[PDB]
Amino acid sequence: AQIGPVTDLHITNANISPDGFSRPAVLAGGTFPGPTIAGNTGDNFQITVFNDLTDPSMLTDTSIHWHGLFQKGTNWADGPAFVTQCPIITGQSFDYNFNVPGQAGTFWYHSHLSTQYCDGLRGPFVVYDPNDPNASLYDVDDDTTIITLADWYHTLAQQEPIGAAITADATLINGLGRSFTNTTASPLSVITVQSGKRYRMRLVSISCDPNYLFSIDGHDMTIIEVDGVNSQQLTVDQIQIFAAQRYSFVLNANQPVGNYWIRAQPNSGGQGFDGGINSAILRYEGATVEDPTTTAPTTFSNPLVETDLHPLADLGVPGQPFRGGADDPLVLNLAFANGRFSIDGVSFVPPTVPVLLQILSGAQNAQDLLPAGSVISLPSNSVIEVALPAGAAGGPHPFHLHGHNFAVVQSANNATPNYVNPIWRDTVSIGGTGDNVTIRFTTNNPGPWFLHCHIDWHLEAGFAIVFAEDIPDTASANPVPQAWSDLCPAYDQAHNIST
């Protein structure tokens, strides 16, 4: 069952074996992935997170981010450790109490401390629309139509070298899949459909790193939502989905009753499908209970290309129709060397006092804020442009901005900008060498918003900066509850930190 919008959520350690190999994990709600948190657009969510963690090998502190929700007026509830809060300590709990005005779509939640979400703390978060403009395009939209894609590691995250190219041991679809080495015929996930019905499949990348080539043998997929943003219908036969992105697509159960492979090929780790790796099963009601015999094509004739996507609403693009045509035009220097990433010459290392608390304590400008050189101020009520030129090792890097979505003015692998009708989203591949992926948004949400690569290993190695949006209005805009003001004293006391 789905939980929320008002719910407790316990964070525990347990052994799991999603690919047949047993390892300890960090779990929300006792499962991998965690339970779906759900509500309707505009609802008040109050998720009281109980930190019950005791295994130090995966960290006993935690903090949870609600990925893609803007948190307007509730920056304190956003979750990134040392940006908007100190972590929750073990044996304590914290109510993330926020509202979701003006958003409806497919999201997710995950740990936002260190690389802890890799160890298991990841699940879906869906905000339904009772008046959804796409409602007439399908029959079924519920917990059975969510499809998660996850990387899974046999080595615990805190034992992964920083700045290394770390590789997974299994792809998991809806929590199940097979190991790339020492493969055993462990259970595969089954997605069940009824011949003739149309399904809103909500495809969620909960990846810590790889991108997936996602397809379903015999079927095509009609995209109607991108990272929470309704799209015009776009029919494709393959979706390359980068870490943390989401799509809704219509699946028409219009093929002969039978079994069909669902495929998710990562860019690293095991290649192909031998032994049923990288696979799940689409089963029609009435089909025999047996594995599919279907084949992938050698090439996919209608792959998703990001420039083909357009918003359903007339969203346009803020600013002027040329490079630098914004109130605050930025170009970030994104680099990697010797195990560490940097942005504008500075590698991100989390500060001792969270950025929001520094601002609430009176810090007057981005040069007063720590980490030095890791915080850029943005002016209020202004069009921001951010060019993100690729090249840094370990690509393609999916960049994500907290507190906002954005127009994708220029996409990967295509030098032509679009100032008319590009898709809006919240996580974007910046492409390959020589690309100049560029985003735009307007600043109507005061607070410190993290901008970072969403390959979690890269974030840990410093590939991040903080946009301190409208510093002057941050305190008046984001009143903080006593439970939030209690978090840093408790955390620093527990860890013997002075501040």
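Throughout, rigid core stands for the largest set of C-alpha atoms superposing within 1.5 Å between the two forms. The numbering used is simple: start at 1 and walk along the sequence shown.
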- Query: What stretch shows more C-alpha movement in 9 other deposited structures of this protein relative to this form, 319-327 or 164-172, after the core is superposed?
  - Reply: 164-172
- Task: Please indicate which stretch deviates more in 9 other deposited structures of this protein: 218-226 or 153-161, judged by C-alpha RMS distance after a core superposition?
- Result: 153-161
- Residue stretch of maximal mean CA temperature factor, 177-185 vs 245-253: 177-185
- Message: Going by the mean C-alpha B-factor recorded in the entry, which is higher: 320-328 or 164-172?
- Response: 164-172
- Note on the structure: Among 111, 195, 405, 215, the highest C-alpha B-factor in the PDB entry belongs to 195
- Note on the structure: The largest CA temperature factor among 310, 340, 400, 397 is found at 340
- Task: Select lowest, middle or highest to describe the third in which the CA B-factor of residue 99 falls within its chain in this entry.
- Result: middle
- Message: Based on the deposited C-alpha B factors for this chain, I'd like to know if residue 273 is in the lowest, middle or highest third.
- Response: highest
- Thinking about Cα B factors across the chain, which third does residue 240 belong to? lowest
- Query: Among the modelled residues of its chain, does the C-alpha B-factor of residue 433 lie in the lowest, middle or highest third?
  - Reply: highest
- Message: Split into thirds by Cα B-factor across the chain's modelled residues, where does residue 63 land: lowest, middle or highest?
- Response: lowest
